[PDB]
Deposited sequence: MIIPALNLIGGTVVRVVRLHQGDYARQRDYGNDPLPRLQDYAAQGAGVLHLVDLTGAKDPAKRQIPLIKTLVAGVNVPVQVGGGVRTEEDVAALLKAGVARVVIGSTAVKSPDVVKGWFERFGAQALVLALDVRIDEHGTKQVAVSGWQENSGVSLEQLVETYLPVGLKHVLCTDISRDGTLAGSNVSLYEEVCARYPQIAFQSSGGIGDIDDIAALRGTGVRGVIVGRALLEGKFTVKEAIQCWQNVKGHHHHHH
């Protein structure tokens, strides 16, 4: 599936910065109108300040579409997850916290269920060829590999994993490897999509979701054409 994405800062759509206007709902509705089944939102305001979590806006955007929306952005506490889900969010995307407190997040899986949580992994292939997990782009590796963290959450029923290469299209070999090793996990690719050929390159990798952000905002292609290429 194609997963259109938007980055939000105080109700503003931004390139990750560059402004794209403060009217995200018509964009999302048109995305869904072209056949999109899932949408993706990153709350950068809430990621910076937890008390600034754009819950009312998210609640409006969710109510404005007919498709499940997965939302992430500095999700730190069990209360953050509950608040987002209560706002109508389908799945909560968790990156940093899932790396720093695995035992706590594993408790979240037990309470909320694996259908409501998405494990986001920022991955850098280091000097040794290890798929290192990082909490952000401006910080060093954490000393934990993708395999270690994935197999840590498998006992609590891990299903959805968002994998971003932060070390030009998407890293095809990367996704081919991880999707084959963990066939019981629906992997989502993220970052790298520059044109329509980048989507075609991921068709046989085994990924179940392709997240596209910029390419849509810059008119490289439409969601419709993306889905057409994806379904071949």
No C-alpha coordinates anywhere in a stretch? Then put that deposited-sequence range on the list, in order along the chain. 17-26, 178-182, 248-256
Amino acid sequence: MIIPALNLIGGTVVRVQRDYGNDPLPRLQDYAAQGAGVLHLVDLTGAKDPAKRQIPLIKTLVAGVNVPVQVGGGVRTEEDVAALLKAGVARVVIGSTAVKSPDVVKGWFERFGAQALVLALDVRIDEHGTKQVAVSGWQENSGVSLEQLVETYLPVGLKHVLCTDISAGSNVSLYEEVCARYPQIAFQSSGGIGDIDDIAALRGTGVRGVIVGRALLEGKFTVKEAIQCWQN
From here on, numbers count along this sequence of modelled residues.
Please compare 190-198 with 177-185 and name the stretch with the higher mean C-alpha B-factor in the deposited structure. 190-198
Mean temperature factor over C-alpha atoms, higher-scoring stretch between 202-210 and 32-40: 202-210
Binned into thirds over the chain's modelled residues, the C-alpha B-factor of residue 69 lands in the lowest
The third of the chain into which the C-alpha temperature factor of residue 56 falls is the middle
How does the C-alpha B factor of residue 100 compare with the rest of the chain: lowest, middle or highest third? middle
Record-listed C-alpha B factor of residue 223: chain third: lowest
What third of its chain's C-alpha B-factors does residue 109 belong to: lowest, middle or highest? middle
